[PDB]
Amino acid sequence: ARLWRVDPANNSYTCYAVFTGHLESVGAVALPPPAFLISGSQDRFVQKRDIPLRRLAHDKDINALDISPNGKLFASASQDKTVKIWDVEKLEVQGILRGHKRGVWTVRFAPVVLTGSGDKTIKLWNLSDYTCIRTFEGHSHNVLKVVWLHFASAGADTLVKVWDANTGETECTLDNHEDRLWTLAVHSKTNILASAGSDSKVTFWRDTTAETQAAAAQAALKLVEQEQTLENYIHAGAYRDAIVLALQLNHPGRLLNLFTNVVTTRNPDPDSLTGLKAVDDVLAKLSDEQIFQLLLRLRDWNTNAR
Amino acid sequence: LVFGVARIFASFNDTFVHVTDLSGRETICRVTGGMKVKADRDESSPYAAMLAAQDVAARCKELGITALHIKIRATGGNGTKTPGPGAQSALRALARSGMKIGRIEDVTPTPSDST
Amino acid sequence: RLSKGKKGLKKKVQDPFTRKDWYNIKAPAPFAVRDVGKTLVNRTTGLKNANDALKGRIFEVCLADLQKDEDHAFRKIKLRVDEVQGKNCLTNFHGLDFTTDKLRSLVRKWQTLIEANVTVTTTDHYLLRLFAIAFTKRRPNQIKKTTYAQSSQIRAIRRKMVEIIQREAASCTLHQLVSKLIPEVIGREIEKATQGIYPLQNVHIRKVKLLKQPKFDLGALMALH
Amino acid sequence: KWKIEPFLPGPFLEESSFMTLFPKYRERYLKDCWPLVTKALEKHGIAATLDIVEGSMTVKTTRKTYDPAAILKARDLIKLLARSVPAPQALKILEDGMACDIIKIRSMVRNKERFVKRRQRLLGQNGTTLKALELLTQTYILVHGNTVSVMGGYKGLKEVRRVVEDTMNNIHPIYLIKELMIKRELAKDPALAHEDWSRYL
RNA sequence: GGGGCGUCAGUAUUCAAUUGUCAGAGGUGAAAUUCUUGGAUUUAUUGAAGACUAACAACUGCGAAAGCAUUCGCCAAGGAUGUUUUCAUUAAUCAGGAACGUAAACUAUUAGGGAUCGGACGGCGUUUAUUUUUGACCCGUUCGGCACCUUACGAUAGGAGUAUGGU
């Protein structure tokens, strides 16, 4: 396994820390100059080493590793349906997660631990009781990656779905990719998800919920304002701008009353077609979509003989 | 006409379309039956054999041999000594897409006394 | 369409046909045609030169495309290869095998087959096994359905069979032995000399197996080609 | 995914040919059932000759044969005609979904009287268990001396293989027919499409 | 294809090695357990081990029975036939005793004939046979034996319902 620097304001990239470790493949790496490194394995030999120790965890190949932001806890996941948290400073053990039905693939810590497993389920467990707080279903293959937001889970059924923990029901689902999906990265400042898999495409998603909530808010603002100006024009008797605003607001139970009023005003202009020259002017200056929507209301008013 | 030797292992569970040179040592291209069908139930099917034979004939015509000697076998030790549907369907698709067939032989392992 | 594998198992695919070159195959002397095919072998370099693999391989080819005669649709022969030239692959005899379709196509009910095995050594010190098969002749103008030879008569037939194949394969070299195996002179002489014991419907030699060849000599191996 | 289309349309370089050998009591029946055989093999494109002098059926691929699996169909056809399957059934192997199989059962019983009893147990009272097996498995079973020759679809070939081995190994074919009837009843409804059915047999 | 001992092969299966591999393979009605980039299943070639002797293989052969199927050698034994072979009742039958050792589940002749194999004899002849042997095929006679059909010559060897009253 190895540790590289990233020098952003240069073209210099070095692999200056290396770690021999165990005899099998280093499966996963976790990081709390950095503090140290915890490496997993294809065999059962889990290790921890400092930058300028081994232990036995499970029976099968382990899968994933994750640190807390304060660096007091650490959990490891494997194929023999156990998740293991242990003390990170000493060689001690804080306990054990009881089990995720077939084989747990990914763990995640909340800045609450998340386990995504080999069945089509995903669970939320605690430190306090070492039991699942929440259980979720809905996938069609393995999940293989669970990422914290600011939660999201990819699948192996090429769908990546987001939801929230206190509610516990599915919020949204995402369907860009080809055959498979493997991993998810996240922007650390805002909420941007980077999904990639066995297919070569990588898709970058951004949250739009704040923007569409602002749009729906200002839409309801404009709606209540123009509905009140419609009621104002009805009360004042300005049938012209009332009819224009009713055709804009698309609701016709008041539009019919305006039309019965304007064809029975009791003082009609003699040259005008519908009695009012201004309503003649707007019926002359209607657009194509407003003409077609007015015709679609005219057949319904033409049904009634009244 | 460069004759390549096609071993068609037609069992009841999966069919093996395999193409070797005249030696038997150097595998040119093989496509198994189950890698073309999502279902392990329908892994041994005439559709699976047709897809495998089309892919194998396409690769071997990209390499330019355009002639095969076909050796068909099955599970023969204590097995059935009869090929599954893969043999008939793979030979049909294989000669339906190019591939002038040469010599056909059914080389099944027949035990003199097994059990 | 959807894959099935575990985490990190599909390696990046490399082209395997850059490292392959073709090699034309020539048959030995007593066969009628010489160019019999083409073999795709690996590319030679240090750390396992490909001529070692070309010395290792054997081929199996029918006799119809060798003699240009479809009388021999059966009797597949086997060719070792021990020598190499420039874009060439010189071969030698290794064995002679029937097809199992003819081995089923020869066995009938109510008649006896007699099998005989010999381990004979030619004058060039090649040890080889000859497996001969011989089916019993149903005599025309007969009425009885079963043409059964007695067991002592079968033992006498097998004794004369092994005597003929030993006396007519111990004297010649391997090239003359293949030249006698091709038009089946041995089975004809067994048919001719066993008919005073019990007439035999057809005598073939169903297998030839070369066990050990103690010499590598390019002189005789090129005197073939 | 399982259906097979008939061949619509020279695919042979070396003119392939196969042979099988038959005795005299089959030579009579083959001599007066042969024109049906050569008629259907001419419809498939393969020349079929019969030799009463040596006692040999030969098939050979002609110039105008286009189906390349037809030579395997014809080889199996002359194998069954040599092994004394009746002629319309031997010609029924020439359809697309059929296949034959020969089950060697003489190796399964050391004794002789026990073997005769178990073979007649496979054949049943008045052939009723045999035709019940043929109905439940959609096969044609012919208990042929020391062998058993079956024809049909590949599923039925597998089930009659299991039933013939279990009949020779002293499990009764009436028990196996009850097992197959239960499996047919369970596969009728797909509400129980994928469970372990061992809780019913 | 009776038994013992040795020997010779044949494939197939498993295991291992060497290559070409390059994504599944295996099972099933579907699945799952399992093996699978250190390369499974497959392709080819060798080597070892243990087992068994396909097809021929039968309305057959041998052994008292269970049983007995690769070739060749050795060892005794046995059957039938033929003889121009001997002692002349030695014999028949079994009390007592002695040797060999997962199954069941549809069930004095008959009077000859057609087959069958083991001798022995005879022969118009086809093929060995370059011509005598000798064998194969066909035919007839004769003993002996597994089995078929016909004829007998005859024979002979409580269950299911419905009630009623007790316990």
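Residues numbered from 1 in each chain as written, not as in the entry; some residues may be left out. Chains lettered and ligands numbered in written order. Part of a larger assembly, values for the part shown. Heavy atoms only, no water. Residues with missing side-chain atoms left out of burial classes, pairs and counts.

In terms of determination method and resolution, the entry is listed under cryo-EM at 7 Å.

Enquirer: For this particular structure, what's the right way to read the UniProt feature "domain: K Homology" (unreviewed entry) in chain D?
Expert: Cross-referencing UniProt, the feature "domain: K Homology" (unreviewed entry) maps to residues 97–169 of chain D in the present numbering. With 49% helix and 25% strand, residues 97–169 of chain D has its two end C-alpha atoms placed 30 Å apart. (UniProt positions renumbered as here; feature names shortened; annotations may be inferred. Helix = DSSP H or I, 4+ residues; strand = E, 2+ residues; numbered from the N terminus.)

Enquirer: Would you mind showing me how to read helix α3 (residues 253–263) of chain A here?
Expert: Residues three or four positions apart in an α-helix share a direction because the helix packs 3.6 residues into each turn. Residue and element names in this part refer to chain A. Taken residue by residue, α3 has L255, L258, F259 and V262 as its buried positions. Buried residues of α3 fall within an arc of 100 degrees about the axis and therefore sit on the same side. At its buried positions, α3 is contacted by α1 (209–236), α2 (239–249), α4 (277–284) and α5 (288–303). (Buried < 20%, exposed > 50% of the residue type's maximum accessible area, 1.4 Å probe, protein only. Arc of directions from axis to C-beta. Contact = heavy atoms within 4.5 Å.)

Enquirer: Honestly, the protein's contact with RNA strand E in this entry has me stumped. Any pointers?
Expert: Around RNA strand E sit 81 residues in total, of which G24 of chain B, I197 and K209 of chain C together with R162 and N170 of chain D are the nearest. The side chain of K109 of chain C places a nitrogen or oxygen atom 3.5 Å from a phosphate oxygen of RNA strand E. Measuring from a phosphate oxygen of RNA strand E, one finds a side-chain N or O atom of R162 of chain D at 2.4 Å. Those elements that place two or more of their residues in the surface near RNA strand E are β2 (15–20) and β3 (27–32) of chain B, β6 (113–121), β7 (127–136), α4 (151–167) and β8 (200–212) of chain C together with α5 (113–123) and α7 (154–168) of chain D. Considering each element in turn, the surface near RNA strand E owes the most residues, five residues, to α4 of chain C. Residue classes in the surface near RNA strand E are distributed as 17 nonpolar, 27 polar and 37 charged. (Near = heavy atom within 4 Å. Polar contact = N/O pair within 3.5 Å; in protein donor to acceptor, adjacent residues only side chain to side chain. Nonpolar A, V, L, I, M, F, W, Y, C, P; charged D, E, K, R; others polar.)

Enquirer: Got a minute to help me understand the packing of α7 of chain D against helix α8 (residues 173–188) of chain D in this structure?
Expert: Residues and elements named next belong to chain D. Where α7 meets α8, the axes come as close as 9 Å, and the angle between the chain directions of the two elements is 150 degrees. With respect to each other, α7 and α8 are oriented roughly antiparallel. The way α7 lies across α8 gives a crossing that is right-handed. Seen from α7, the contacting residues are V163, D166 and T167; seen from α8, they are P173, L176 and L180. A breakdown of the residues in the contact of α7 with α8 according to their chemical character gives four nonpolar, one polar and one charged. (Axes fitted to C-alpha atoms, helices over the stretch in contact; angles between N-to-C directions. Parallel < 35°, antiparallel > 145°, perpendicular 65-115°, else oblique. Left-handed = near helix turned anticlockwise from the far one by under 90°.)

Enquirer: I keep staring at empty space enclosed by the protein and nothing clicks. Help me out?
Expert: With a probe scaled to a water molecule rolled over the atoms, the places where space remains empty come into view. Residues and elements named next belong to chain A. By volume, the second largest cavity is sized at about 70 Å³. Around the second largest cavity, the lining residues are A246, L247, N250, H251, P252, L255, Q290, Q293, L294 and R297. Mapped by element, the contributors of at least two residues to the lining of the second largest cavity are α2 and α5. Per element, the largest residue contribution to the lining of the second largest cavity is four residues, and it comes from α5. Class assignment of the residues belonging to the lining of the second largest cavity gives a composition of five nonpolar, four polar and one charged. (1 Å grid on protein atoms, 1.4 Å probe; cavity = no way out; pocket = protein on both sides within 12 Å on 5 of 7 lines; lining within 4 Å. Points joined across faces, edges and corners; volume = space filled by probe spheres on them.)

Enquirer: What's the story with the interface of chain C and chain D in this structure? I'm lost.
Expert: Interfaces are often sized by the amount of accessible area the parts lose when they come together. The interface of chain C with chain D comprises 10 residues on the first partner and 13 residues on the second. Interface area for chain C against chain D, summed over the two sides, is near 1000 Å², with a carbon-plus-sulfur share of 42%. When the shortest N-O distance is used, the salt bridge between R75 of chain D and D101 of chain C registers 3.7 Å. Counting across the interface, chain C meets chain D through three residue pairs in polar contact. When residues of the side of chain C that touches chain D are traced back to their parent elements, those giving at least two are α2 (64–67) and α3 (100–105) of chain C. Residue composition of the side of chain C that touches chain D, grouped by class: three nonpolar, one polar and six charged. (Buried area = accessible area lost by both parts, 1.4 Å probe. Salt bridge = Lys/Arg side-chain N within 4 Å of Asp/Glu carboxyl O.)

Enquirer: Which parts of the structure should I look at to understand the arrangement of the chains?
Expert: Comparison of the four pairs of chains in contact shows the highest number of contacts for chains B and D. Over all C-alpha pairs, chain A and chain B never come within contact, reaching a minimum spacing of 13 Å. Across all C-alpha pairs, the smallest distance from chain A to chain D is 17 Å, and the two are not in contact.

Enquirer: Looking at this structure, I do not really get a nonpolar patch on the surface. What am I missing?
Expert: Residues and elements named next belong to chain A. Residues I192, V202 and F204 make up a contiguous nonpolar surface patch of about 300 Å² in total accessible area. With respect to the secondary-structure elements, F204 resides in strand β20 (residues 202–206). A relative accessible area of 64% places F204 in the exposed class. (Patch = residues over 30% accessible without salt bridge, like charges linked within 9 Å, V, L, I, M, F, W, Y side chains within 5 Å. Areas by Shrake-Rupley, 256 points an atom, 1.4 Å probe, with all protein chains shown as cover.)

Enquirer: I tried to follow the nonpolar core on my own but got confused; where do I start?
Expert: A general trend in soluble globular proteins is that nonpolar side chains are found buried together. Grouped together as the largest cluster of nonpolar side chains are 60 residues, with contacts concentrated most on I70 and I104 of chain B together with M57, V59, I71, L77 and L81 of chain D. Once you skip the residues sitting within four places of it in the chain, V59 of chain D turns out to touch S17, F18, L41, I46, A47, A48, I71, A74 and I78 of chain D. Counting 50 residues, the second-largest nonpolar core is a separate cluster that includes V36, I77, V120 and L181 of chain C. (Core = buried A, V, L, I, M, F, W, Y, C linked by side-chain atoms within 4.5 Å.)

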